[PDB]
2 protein chains.
Amino acid sequence: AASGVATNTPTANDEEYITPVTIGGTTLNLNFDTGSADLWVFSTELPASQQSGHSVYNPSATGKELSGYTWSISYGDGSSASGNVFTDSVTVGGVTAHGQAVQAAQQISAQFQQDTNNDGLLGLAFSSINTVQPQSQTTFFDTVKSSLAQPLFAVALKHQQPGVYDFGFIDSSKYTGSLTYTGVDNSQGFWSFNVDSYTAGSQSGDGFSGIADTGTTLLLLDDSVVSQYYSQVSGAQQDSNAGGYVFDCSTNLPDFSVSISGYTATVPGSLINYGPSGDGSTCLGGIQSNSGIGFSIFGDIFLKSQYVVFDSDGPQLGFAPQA
Amino acid sequence: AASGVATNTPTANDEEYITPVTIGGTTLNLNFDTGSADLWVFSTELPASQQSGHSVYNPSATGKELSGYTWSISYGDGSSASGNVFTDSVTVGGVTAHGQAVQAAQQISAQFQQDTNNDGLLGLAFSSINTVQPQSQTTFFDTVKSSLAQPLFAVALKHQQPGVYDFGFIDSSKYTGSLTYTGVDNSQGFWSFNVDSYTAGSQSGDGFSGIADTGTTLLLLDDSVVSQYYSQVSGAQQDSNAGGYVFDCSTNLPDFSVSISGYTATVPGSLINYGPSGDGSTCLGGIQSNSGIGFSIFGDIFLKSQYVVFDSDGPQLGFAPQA
Ligand SMILES: COC(=O)[C@H](Cc1ccccc1)OP(=O)([O-])[C@@H]1Cc2ccc3cccc(c3c2)CC(=O)N[C@@H](C(C)C)C(=O)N1
Ligand SMILES: COC(=O)[C@H](Cc1ccccc1)OP(=O)([O-])[C@@H]1Cc2ccc3cccc(c3c2)CC(=O)N[C@@H](C(C)C)C(=O)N1
Ligand SMILES: *[C@H]1O[C@H](CO)[C@@H](O)[C@H](O)[C@@H]1O
Ligand SMILES: *[C@H]1O[C@H](CO)[C@@H](O)[C@H](O)[C@@H]1O
Ligand SMILES: *[C@H]1O[C@H](CO)[C@@H](O)[C@H](O)[C@@H]1O
Ligand SMILES: *[C@H]1O[C@H](CO)[C@@H](O)[C@H](O)[C@@H]1O
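Residues numbered from 1 in each chain as written, not as in the entry; some residues may be left out. Chains lettered and ligands numbered in written order. Heavy atoms only, no water.

In terms of determination method and resolution, the entry is listed under X-ray crystallography at 1.25 Å.

See the structure below:
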């Protein structure tokens, strides 16, 4: 049976985490995203000017084209990308998926062009939400899942240090104590789970649902919860240039936690100071608005505090404090 | 319980069929498409120049916005469209879906801009393939299905005459004899069914699968089957300007049939003469290539010969010769 450890590395301020992936023999630095079921890459089909500053997939040499197939993704921030599809060999952490669908980019919007830190995204959400037309494809994980020793992956994202994606086994040295599991609702293709309550500093409130999403930088919560959190942060104010609420970098931030199946997942206030806001001399808050969507996005700020097991058996998520 | 009859009308040469749909009180002429799960419309969010020659949805007056939601579709011909989403009242054949998701167009490609015959598409495929992000929406049919007298719809497309979409009941006067049912595989979100064999004129061959797709003008089959068909048509030759194989308009075309669960669905040769090719003095063939996709597209050319029941119970498709 297979397993492997793929090492991830955060970019500045942990805006994203990149992990190398060898496709048809070329290694690309991809953003692993548990909130997406697409594996899309910068490719030789983009205009040459858009290829600059990236490693790019060249399908002509090794890929098998799925003639007539397309893909396209659109985000609420206004970003988008689209293209065609080839199958190829895709290796992550020493685990190879043969015949894996690779969505080659033909078009990408400004946000993607501007980020030279990654060459695309590798999706780890459920395959039911893969965007390939006319017949959807399986994610890297779903492709290799039955070959793994256990049909799961796990992740340790860290603050300014390398982390791991463990495929096919659990590394118990990556957390303190025992894992606590909770059921996953995959009906929207996400690793969605329920929280029974939250505590934002001095205030506690009702539970809600959310999704474990490595592809989102911050922890996105309902506006009401965000307001209660920042009401406790002296001088906090919104700055749309920065991304939301910002505050003096020396501020002592409250912790934020959620109760999941009896386990308290605590994000220490230190991890809620994302870093320099990039708009003068303030720091950006790790907690921000989910913009009214009615469910929470447990992005990197939250994940940095935990080791999280994504188990297809259930399916279910396991959590414990990161060690 | 509800039911209703929506009348469809073919454009020139039956290139598509349009059916009126009232959205937030504005009536738009939509292309009903059993091969899509999206209900997308030209809207006031398009550039004004792109709105010309169309009726357009104005969400400001009646729609409820799903903030942060997007949609985007990409086709193998290179067409595409994308936008945002609102829920609104959508009435088809006197049957109203309250709170139906309406995908307002913000961007549309040339093929859509150029066709002033429709104001968008109303999808009737399974909701599992709806493209709305971050949470997919239900089609008009899935929205109203449990309110209907029976959870099915049926369609009679005709050559140069008005036809119907029957919602919630079967009109037995629309076909000869009794319906024959066959099981549907909805795993790719399509009304996919199996054929046991086909007969292209003087040649018969092995079975295959395909999808009942009102949104495709022609009958698309494997290249091998297309070649065998046209090998029997004197003077047939491909013309990429026209869309594929063309031939003298007076040619006597062979029939084409498929065996489905013991019922023979025959498309008479008369219906295989699509019409003027629009490239000099030849006519376009109703049968063309599926471009290597490995499954057949039972588009309008085929559907014009049958009455077809799309029954969610099973699910299953019923067929009989159109009356
Ligand atoms: C449809 O599912 C998504 O798009 C999934 C899950 C989701 C669902 C709803 C709300 C938010 C997230 O997002 P994702 O694939 O992880 C998606 C990945 C992604 C795509 C383009 C981006 C462009 C600029 C910046 C970021 C991007 C991230 C950083 C960022 O965290 N952006 C968030 C937004 C929400 C601040 C984001 O769009 N993240
Ligand atoms: C993902 O599902 C589709 O796109 C579904 C089903 C499908 C699947 C695979 C092959 C063909 C069809 O197609 P549809 O929604 O019915 C889709 C609807 C559609 C969309 C844009 C179009 C632009 C120009 C011309 C047509 C269009 C039809 C006429 C035409 O028949 N076009 C075919 C091609 C195939 C000749 C077509 O793209 N049709
Ligand atoms: C992950 O687990 C597999 C199977 O148990 C090992 O073979 C592999 O080397 C790694 O430790
Ligand atoms: C990626 O790199 C890390 C850190 O060197 C290793 O621990 C991991 O196994 C993988 O090689
Ligand atoms: C369709 O069927 C319904 C329910 O049987 C009728 O009420 C309707 O008027 C139409 O004939
Ligand atoms: C659409 O129009 C047809 C033809 O007039 C009717 O038969 C149908 O019931 C609907 O009104």
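Let us keep going from here.
A. Structural view of the relation of the copies chain B and chain A. Laying chain B over chain A is done by rotating through 180° and shifting 0.0 Å along the axis; what remains is an RMSD of 0.0 Å. Such a combination of turn and shift is consistent with a two-fold rotation axis. Across chain B, the rotation axis passes nearest the C-alpha of B:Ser72, at a separation of 3.2 Å. Interface residue correspondence from chain B to chain A reaches 100%, placing this contact among same-surface, isologous pairings. (Least-squares fit on C-alpha atoms. Contact = heavy atoms within 4.5 Å.)

B. Quick look at the site of ligand 1. Within the structure, ligand 1 sits among 20 residues, and A:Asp33, A:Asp213, A:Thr216, A:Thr217 and B:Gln133 are positioned closest to it. Residues close to ligand 1 are split across chains A and B. Take A:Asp213: an N or O atom from its side chain is 2.6 Å from an oxygen atom of ligand 1. Here a nitrogen atom of ligand 1 and a side-chain polar atom of A:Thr216 are 3.1 Å apart. Classifying every residue of the shell around ligand 1 gives 9 nonpolar, 7 polar and 4 charged. (Near = heavy atom within 4 Å. Polar contact = N/O pair within 3.5 Å; in protein donor to acceptor, adjacent residues only side chain to side chain. Nonpolar A, V, L, I, M, F, W, Y, C, P; charged D, E, K, R; others polar.)

C. Quick peek at the site of ligand 2. Near ligand 2 you find 20 residues, and of these A:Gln133, B:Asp33, B:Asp213, B:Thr216 and B:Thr217 are the closest. Residues near ligand 2 are shared among chains A and B, making this a multi-chain site. Within the side chain of B:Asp33, a nitrogen or oxygen atom sits 2.5 Å from an oxygen atom of ligand 2. In the environment of ligand 2, an oxygen atom lies 2.6 Å from a nitrogen or oxygen atom belonging to the side chain of B:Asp213. In the complex, 77% of the free accessible area of ligand 2, which totals 700 Å², lies under the protein chains. Residue contributions to the shell around ligand 2 reach at least three from each of two domains, namely domain 1 (6–170) and domain 2 (171–322) of chain B. (Areas by Shrake-Rupley, 256 points an atom, 1.4 Å probe, with all protein chains shown as cover. Domains from an automatic or database assignment.)

D. How the structure looks around the interface of chain B and chain A. Across the boundary between the two partners, chain B contributes 19 residues, which contact 19 residues of chain A. In total, about 1500 Å² of surface goes out of reach between chain B and chain A, with carbon and sulfur atoms giving 48% of it. Between the two partners, chain B and chain A, sit 0 salt bridges. Across the side of chain B that touches chain A, the residue classes tally to 7 nonpolar, 12 polar and no charged. (Buried area = accessible area lost by both parts, 1.4 Å probe. Salt bridge = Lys/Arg side-chain N within 4 Å of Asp/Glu carboxyl O.)

E. Representation of the pairing of strand β13 (residues 203–212) of chain B within the structure. Residues and elements named next belong to chain B. Pairing between strand β12 (residues 192–200) and β13: 8 bridges, direction antiparallel. Considered in β13, the bridge of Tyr 198 is made with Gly 205. Here β12 folds back onto β13, and the loop between the two strands holds 2 residues, one of which, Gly 201, carries a positive phi near 60°. Two strands pair when backbone bridges link them, and β13 and strand β22 (residues 296–298) are joined in this way by 3 bridges, in the parallel orientation. (Pairing = 2+ DSSP bridges. Helix = DSSP H or I, 4+ residues; strand = E, 2+ residues; numbered from the N terminus.)

F. Geometry of the packing of aromatic side chains. Scanning the entire structure with this criterion turns up 50 aromatic pairs over all chains. Ring centres 6.3 Å apart and planes at 10° place the aromatic pair A:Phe208 and A:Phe298 in the stacked group. Of this pair, A:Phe208 sits in strand β13 (residues 203–212) while A:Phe298 sits in strand β22 (residues 296–298); the two residues are 90 residues apart in sequence, bridging distant segments of the chain. The class of A:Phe298 is buried, set by a relative accessible area of 0%. Relative to B:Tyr230, the ring of B:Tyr229 has its centre 5.0 Å away and its plane inclined at 85°; by these criteria the two rings are edge-to-face. Take B:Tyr229 and B:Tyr230: they sit in the same class, and that class is buried. Taken together, the aromatic side chains of A:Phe126, A:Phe140, A:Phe141, A:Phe153, A:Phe167, A:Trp191 and A:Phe310 make up a single cluster linked through ring pairs. (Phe/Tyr/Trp six-rings, centres within 6.5 Å; stacked < 30°, edge-to-face > 60°. Buried < 20%, exposed > 50% of the residue type's maximum accessible area, 1.4 Å probe, protein only.)

G. Examining the domain arrangement of chain A more closely. Residues and elements named next belong to chain A. Domain annotation of chain A identifies domain 1 (6–170) and domain 2 (171–322). Using C-alpha coordinates to define each centre, domain 1 is positioned 24 Å away from domain 2. The interface is formed by 32 residues belonging to domain 1 together with 34 residues belonging to domain 2. Taking both partners together, domain 1 and domain 2 bury about 2500 Å²; carbon and sulfur atoms supply 56% of that area. Between the two partners, domain 1 and domain 2, sit 1 salt bridge. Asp 14 is paired through a salt bridge with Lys 304; the nearest N and O atoms lie 2.8 Å apart.

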